[PDB]
Each structure stands twice: as structure tokens, then as C-alpha cells.
């Protein structure tokens, strides 16, 4: 009993102690260090030792969910995009090799998917999870219940989909939070800089907010269409902080998916994840 879980993303580092029965205690959310004067490895070390002293844990099982391409066996970040500077090469097993030899590392979306499936039951046999946020990532659980990470650990890096040579942009470069916030300013949305306010303003009938959301949702849908064509999944789950919007998110994306598929093509239902925040923390220990 008493596992330590840490979920690292470009915006926040989340942590908690989880028991054998899936009960979460001592949740701790902090703004991600810049990885320049403040180090993610130092913050991760501090979180582990804090939980160790707090609960007198000897060689505890530590689970690590992280953005970036993850080599599970190595416990290492083999490639990272630009969101987290100087991240490539980060090895968590070596970092904590004095506190515990029991360290697991997974990609953020694999963790989110395993977590969501640990907490909620679905009829669908094939489930693809796509998270929207700082970055766009993916994970697929097949009919035999297996998640394939790829020959080089980079399966489902869906942010790399749909490179437009004339715009020099990937899916991620048009649909991640930093891109949407730039689209809000370009769209004429001066009201706020926060995505929830954009959603709120659109619910109130602000035409401006709606045009930004619909155009952005057009690109999200295009990416989902490619995922659908390839996997033919029973269910597509949308994860990430924006998952909080629920049906107010689905209503903008879901209908648009049909624009990139043939008229009689049946695609999977598109839904937000039921677990809106702690999914990856449970997933990294699975």
C-alpha cells in the first residue's frame, strides 16, 4: 500500500499518494518549473522525498507520467518537443536510484487512458484517447487490451499529423493551447487570455468567440478524422484540461469530424474523459 504518483506536463506537475484500493491522498499541483533556473528533476526529487518522510515509505513504488516520447524500460524521455526545454535524456529511474529501485515511467496519454479505463467502464473494445492542451498526444488500447508504443516508443504522437507545407504547421501547432491563445488574439478576442472565458463568451452569444472556436474545432476534427480512418475505434475520448467543458466541447468538434470522411462513413462516438484531472496519476502505476 502507498504508491507515489507524479504527472509531468508543460503547464503543471501533479502528484499524490495512492493506496492499494485506488484512494488518492495528499494531492499537490504546482506550476511546472521552467527547466532553466528551476529544474524538473529537482522538483520531482523533492516531491518523492516529501512523501517518503510524510509516510515513512521505504523504497516506495513511484509512477511517473510525462509528456514526451517515453522509453518505458529505460525510464527515459527519448525525445521531447519544445514546450519543455532541455527535457530530452531525462532518466527518472537513475534520478531516483537511491530512494527506490521501483520506478515506472509512461507517456502522459498512455497514463491518462489507463487511468480513465481503471476508473470508468466502457462497452467499446477499441478505445483511442486524444488529449488537448499544452500539447496534443494520443494512445490506443486495442481489442486484446494492449497499448502499442511503437517500434521506437513514438506511436500515436498525433500532434505530428497533417503537416501543411504552405503554412509550415502540424496539428499540434494549430490546436494546442499556445496556438489557440494566439488564434484568440488574431480572432479579435481581447476580452480575456484564458480558454474557459472563450467558452463562456461563446455560450453568451459572442459571435467572435464562436468563430475562433469553430475554426479551431475544424482543425481538431480533421486530426480526429485521420485517427478514425486508421484505427476504426469503438470510442474516441478527448482528455486534457479542456475535457472539463464536456458536451460544450463535443458539440464543436464531433459534427465537424464528418467533413473529412465520406458521406456514409460511420465514425466512433466522440466524448470527453469522465475523470477530468487525476487520470494520468492512476495510469502511471498500472
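Positions refer to the first chain, counted from 1.
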Practice problem: Between 276-284 and 3-11, point out the one with the higher average CA B-factor as the PDB entry records it. | Solution: 276-284
Quiz item: Of the two stretches 230-238 and 53-61, which shows the higher Cα B-factor on average in the entry?
Solution: 53-61
Quiz item: Out of 194, 104, 154, 94, which one has a C-alpha B factor higher than all the others in the entry?
Solution: 194
Practice problem: Using the temperature factors in the entry, find which of 158, 132, 185, 109 has the highest value at its Cα atom. | Solution: 185
Quiz item: Thinking about Cα B factors across the chain, which third does residue 218 belong to?
Solution: middle
Quiz item: Lowest, middle or highest third: where is residue 256 by C-alpha B factor in its chain?
Solution: lowest
Exercise. Looking at the entry's B-factor column for C-alpha atoms only, identify whether residue 201 ranks in the lowest, middle or highest third of its chain.
Key: highest
Quiz item: If you rank the chain by CA B-factor, which third does residue 267 end up in: lowest, middle or highest?
Solution: lowest
Quiz prompt | Record-listed C-alpha B factor of residue 30: chain third | solution = highest
